[PDB]
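Before any comments, here is the structure.
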Amino acid sequence: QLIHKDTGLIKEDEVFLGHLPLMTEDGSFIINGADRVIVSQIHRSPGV
Amino acid sequence: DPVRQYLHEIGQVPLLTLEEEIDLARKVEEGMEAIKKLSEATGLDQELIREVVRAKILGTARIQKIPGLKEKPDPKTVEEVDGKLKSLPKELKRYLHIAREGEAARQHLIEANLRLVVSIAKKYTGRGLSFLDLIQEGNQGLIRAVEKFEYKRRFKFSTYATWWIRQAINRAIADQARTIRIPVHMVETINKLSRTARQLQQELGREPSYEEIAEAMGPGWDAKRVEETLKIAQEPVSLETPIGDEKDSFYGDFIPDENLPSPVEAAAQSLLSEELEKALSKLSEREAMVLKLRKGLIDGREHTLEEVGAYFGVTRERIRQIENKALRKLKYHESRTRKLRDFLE
Amino acid sequence: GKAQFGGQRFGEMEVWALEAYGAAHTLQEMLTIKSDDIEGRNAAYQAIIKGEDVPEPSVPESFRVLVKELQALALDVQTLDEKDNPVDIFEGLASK
Amino acid sequence: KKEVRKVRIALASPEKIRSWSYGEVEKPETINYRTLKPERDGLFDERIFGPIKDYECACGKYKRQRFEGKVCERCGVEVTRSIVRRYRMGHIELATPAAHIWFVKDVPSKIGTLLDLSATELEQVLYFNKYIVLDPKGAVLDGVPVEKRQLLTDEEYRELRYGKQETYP
Amino acid sequence: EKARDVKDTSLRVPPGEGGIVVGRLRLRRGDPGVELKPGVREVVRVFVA
Amino acid sequence: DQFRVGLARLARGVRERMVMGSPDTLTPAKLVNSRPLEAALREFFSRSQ
Amino acid sequence: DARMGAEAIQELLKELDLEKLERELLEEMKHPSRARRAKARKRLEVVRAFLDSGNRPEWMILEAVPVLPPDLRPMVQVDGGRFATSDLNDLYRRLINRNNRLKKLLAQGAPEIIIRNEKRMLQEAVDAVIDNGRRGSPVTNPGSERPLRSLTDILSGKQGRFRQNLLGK
Amino acid sequence: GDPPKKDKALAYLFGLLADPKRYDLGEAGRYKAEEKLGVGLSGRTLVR
DNA sequence: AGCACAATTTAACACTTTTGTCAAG
DNA sequence: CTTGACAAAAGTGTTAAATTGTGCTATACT
Ligand SMILES: [Zn+2]
């Protein structure tokens, strides 16, 4: 929803965003007609 | 950092109040009209005396010797017009001085509005051209905006300037950003295409097809045309583009050379020329000579009919019959040996 | 690679091997005729096809690329002779 | 003809560069967007670097081995092998002279060792931060006379050159 | 033999590889369900087991 | 993560598109572009190690 | 006369008499202090190198810029119709835009500020062509973080013209 | 790079630390740091 | 953004010369 | 080996279409 602070104009209006890849049941995606997988990454935990 | 350097350098020269602005514009126009009046004085062109005055202003010897190695000689055509303009009465003289001052004012005005240009170029990034390039194109557009400006219209110079800077930067994207040269018209065309595509992709919820986007483009637009313009729009690919996770391979070194004959090809051509040479030798001398006159086996060119007839002193028809006969005799001997039955691809 | 119908990469270590053996013409063929040398591989294939012994190559042709690349760096690369005289590996080509 | 037993490397003078040059590349294009032929003055231009085809000029007037080395009168393309495009070098004549970054940036900077300038100050000069004084002309700064090699920022340059003034609003 | 126009670009199975043809796929442009990149008419793909 | 990066770039696009045109009447449709997020996600899925 | 940049450096290098500096540094060398001695030594080493090489130091400041032949930095389309090109082409190109822009700006009568900026951009362009990335952030193709590969990068590196394509094949 | 303005300092150093959007310290990092230093934290921000 | 106009290239087209061939000597 | 007759192919000169290059716009805007 888009608004105007000073005007009080409310034009809500839906919109688009883009295309989001969906993960299959096995747990892999398909990019450009090729089955691909995103491996899990390991780093150190946030904090001090 | 060069950007820091230039930004600070223009940060040195301050802005200009309305008074300063109007006064500078005034002095500039006075300078120009002084140049015209001097054109009525000694009878020489405006830009002539103008560039001479500049040569006396924005540097001594450096304006002449390096806009390329050849322009207008320092001791000769510069200094003689200088001395010729030197030898005039008082009014034309004071107008000379006025002209010079006008030039200087032009320079300063240019500087403050260089700050302006920097703002505008700061707006335009993402190009396919670097920031400082944007700044400089905008700066040329600024010198341009300064030249044609009129203060009498009582408008703040900033607006007029802005338009010119903007158009100059767009001239940059048109003339620069793509590795291959794409002229202005199709640049604007492609821009409209992409813009509309974005619009109806927002509307439909999905990317269009060439047909619907062509219809959305109006008359004269079909699928083939948008496909073609899109075919032109695409950029080249860097030869050094990495292939795979390997650090040892590029994209470019996977490209074969079809321009250069392979050893097998050179050997093939060799064997062809030789075997043809031997298969030719069993013909009569004259007919063989005629054939190799036709083929380009002598000078490489193609000697027609009449030419061969002229060289051997006979009619062209005779030559024709001769070559046909030769062809058929080769048909026999080749039907035998089968050495030349290859090379048929 | 195989997919490109490629030839085997002869590494620097293998050069060191051949040098250790002391095989000069094997290393020569490896570095010239059998690898990148145009006229070398052409005349060689020609010779074997005609049943000769392959001739002696001249210019690896990657080395000429190296020369002109060095010249693009504004470094003058002079290939001299026994007596300190210019020998042009570009034959009537870049001479001008 | 003769053996090559020796290879030397040296600095190429501008004259040598121009001698190597078959012409200057003026225009920053590659090829036409459609015809895919080398642009007039462009980087891939045939008029200098040579023909794309063996013995065939751009326009296609002189077509054969018969003509050799003769420049065609329209395109200016020399009739010869198409391989010369690998060898023949062009150039770009620079408006204001520039430094080769090797002799600047090298660990023991060569030009810096010659003129006795530190990497820092020379970096400041070459990239146009601070001016340097060739001819002092009896100029003085802060009580000490300015001599050769001395670096001055924009302020001090403008001061000893155009004078010093103060504006009061 | 007339030197003719067009030349043969046909796809021939690489050396060391060979087998039987199972799958057949043809995507031609100007046909539903498929959007092909600009400049390209049709893509033809063959499964070989 | 990459989604929010692309979302940030989209935010900047929105911010650039406000200060021009007609600040009075603008639908969020004209204010928002697909490409920042589209190319962000595309880059993450295709490229990332 | 206080000039900033490669012009001034070129002028100084041309003014240099290597024989003067030879004798003078030889004399400066026998000074009892060790530091001054060694420094004078390295200096005199560069100087002597220039002396018996025959090379002039001002050559280090480039006027004409050599341009590599097209087939060495090729541009050719592949299967699918899409093109391909070397980074050196783009580098050379940008160098050309900056050089020509400056070329017309000098004849324009543009103020010293713009001239200085474009000239600086010209130095950084030439350097970006020679060796990219050593000074400042490496110039990259727009939208891509991959640094453009210059001549220096062609010669050196594990993949350089020596190791990859020469000492092995 | 830019001249030492006061409002620039304010905005910049707000975006560096106090900004919940621009600076997000992990919820796990929030929790862990909260249970390590022997203190507690309102948000995920270094400062408020 | 987008248009308008000059300078320019391409493809357009109408009529000419020769180049290839046919038939009969 | 020769000649004349013909059309198909390759030329040659003026024009139309589209193609490309260059310039311009004024609330203010640094
Ligand atoms: Zn020609």
Taking the Cα centre of chain C as the origin, how large is its charge dipole in debye, to the nearest 20, when only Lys and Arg (+1) and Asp and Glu (-1) carry charge on their Cβ atoms? 460
Take H:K8 and C:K50, extend 7 Å from each Cα along the Cα→Cβ direction, and tell me the distance between the two endpoints in nm. 7.7
Take chain C, mark every one of the GluC sites (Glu not before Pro) that falls in a DSSP loop and has at most 13 other Cβ within 10 Å, then report the longest stretch left between them, sites excluded. C:1-51
Net charge near A:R36: determine it from the other residues with C-beta under 14 Å of the C-beta of A:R36, scoring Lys and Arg +1 and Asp and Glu -1. -2
The local net charge around D:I83, scoring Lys/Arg +1 and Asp/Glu -1 for residues other than D:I83 whose Cβ lies under 9 Å from its Cβ, equals +1
Considering Cα pairs under 8 angstrom that are at least six residues apart, work out the relative contact order of chain C and quote it in whole percent. 14
Hey, if you put +1 on the Cβ of every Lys and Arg and -1 on every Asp and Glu Cβ in chain D, which of D:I52, D:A139, D:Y162 ends up farthest toward the positive end of that dipole? D:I52
Phi-based couplings in Hz for region H:36-48 (Karplus 6.51, -1.76, 1.60; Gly and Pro marked x): 9, 4, x, 8, x, 9, 4, x, 9, 8, 4, 9, 10
Two-decimal log10 I(q)/I(0) for region B:68-224, as the Debye equation yields it once each C-alpha is a single scatterer, q = 0.18, 0.19 Å⁻¹: -1.11, -1.14
Let me know the charge dipole size of region G:87-169 about its Cα centre in debye, to the nearest 20, where only the beta-carbon of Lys, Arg (+1) and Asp, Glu (-1) is charged. 180
Region B:1-135, relative contact order in percent, only Cα pairs under 8 angstrom and at least six apart counted: 38
From Cα pairs below 8 angstrom and at least 6 apart in sequence, can you work out the relative contact order of chain B, rounded to a whole percent? 10
Taking a ≥ b ≥ c as the square roots of the Cα gyration tensor eigenvalues, with a/c under 1.5 meaning rounded and otherwise prolate when a/b beats b/c, else oblate, which class fits region B:1-70? oblate
Calculated over region C:10-96: convex hull of Cα atoms, volume per residue (Å³): 145
For chain C, with the dipole built from +1 on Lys and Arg beta-carbon atoms and -1 on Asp and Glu ones, taken about the Cα centre, which of C:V54, C:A17, C:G6 lies farthest toward the positive end? C:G6
Taking amide H positions as placed 1.01 Å from N in the peptide plane, with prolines and chain starts having none, which residues 5 or more places from B:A177, or on another chain, fall under 5 Å of its amide H? none
Please build a GNM for chain B, connecting alpha carbons under 10 Å apart, and tell me which residue among B:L116, B:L293, B:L239 fluctuates the most. B:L293
Mind listing the long-range amide H neighbours of G:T140? Cut-off is under 5 Å, sequence gap 5 or more, other chains count too, H placed in the peptide plane at 1.01 Å from N. G:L148
Net charge contributed by nearby residues that have their C-beta within less than 13 Å of B:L129 (K/R +1, D/E -1): +3
Candidate cut points under GluC sites (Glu not before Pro) in region B:236-327, DSSP loop plus at most 12 other Cβ atoms within 10 Å of their own Cβ, are B:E246, B:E258, B:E302
Given a Förster radius of 56 Å and the C-beta distance between C:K2 and G:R48 as r, what FRET efficiency does 1/(1 + (r/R0)^6) yield to the nearest 0.05? 0.50
Amide H to amide H under 5 Å from D:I31: which residues, 5+ apart in sequence or cross-chain, H placed 1.01 Å off N in plane? B:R181, D:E39
At 7 Å along Cα-to-Cβ for each site, give me the label-to-label distance between H:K36 and D:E155 in nm. 4.7
Expected 222 nm ellipticity per residue - DSSP helices of 4 or more, -39500 (n - 2.57), all of the protein assembly as shown, to 500: -14500 deg cm²/dmol
Compactness relative to 2.2 N^0.38 Å, alpha carbon Rg of chain F: 1.34
Answer check: chain E, Cα atoms, Kirkwood Rh, Rg/Rh ratio of 1.08
When chain B is treated as a GNM, springs tying every alpha-carbon pair under 10 Å, which of B:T159, B:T304, B:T229 comes out with the largest mean-square fluctuation? B:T304
Those residues of region D:109-126 whose amide nitrogen sits under 19 Å from the label point placed on G:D17, 7 Å along Cα→Cβ: D:114-116
Helix axis angle, B:18-41 relative to chain B longest principal axis, alpha carbon, degrees: 70
Taking the Cα centre of chain H as the origin, how large is its charge dipole in debye, to the nearest 20, when only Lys and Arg (+1) and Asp and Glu (-1) carry charge on their Cβ atoms? 100
Let me make sure I get this right: for region D:65-169, a, b and c are the square roots of the gyration tensor eigenvalues over alpha carbons, sorted descending. Under 1.5 in a/c it's rounded, otherwise prolate if a/b > b/c, else oblate. Which is it? prolate
I want to check the label-to-label distance for A:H19 and D:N32. Put each point 7 Å from Cα in the C-beta direction and report it in nm to one decimal. 3.6
Report the dimensions of region B:182-235 along its three principal axes from the alpha-carbon atoms, largest first, rounded to Å. 32, 20, 16
Could you tell me which trypsin sites (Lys or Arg not before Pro) in region C:39-92 are loop residues by DSSP with no more than 16 other beta carbons within 10 angstrom of their beta carbon? C:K83
Sort region B:261-341 into rounded, prolate or oblate with this rule: let a ≥ b ≥ c be the square roots of the eigenvalues of the Cα gyration tensor; rounded if a/c is under 1.5, and if a/c is not under 1.5, prolate when a/b is larger than b/c, oblate otherwise. oblate
Once the dipole of the protein assembly as shown is set up from charges on Cβ (+1 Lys and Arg, -1 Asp and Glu), the residue from the list G:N99, F:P23, B:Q321 lying farthest towards its positive end is B:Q321
Would you report the distance distribution of C-alpha pairs in the protein assembly as shown as whole percents per 10 angstrom bin, up to the bin with the largest distance? 2, 7, 14, 18, 19, 17, 12, 7, 3, 1, 0, 0
May I ask you to list the trypsin sites (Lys or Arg not before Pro) in region B:288-321 that are in a DSSP loop and have at most 16 other Cβ atoms within 10 Å of their Cβ? B:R301
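Cβ atoms come from the backbone with ideal geometry, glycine included; neighbour counts cover every protein chain shown. Bear in mind these aren't lab numbers, they're just calculated from the coordinates by the rules spelled out.
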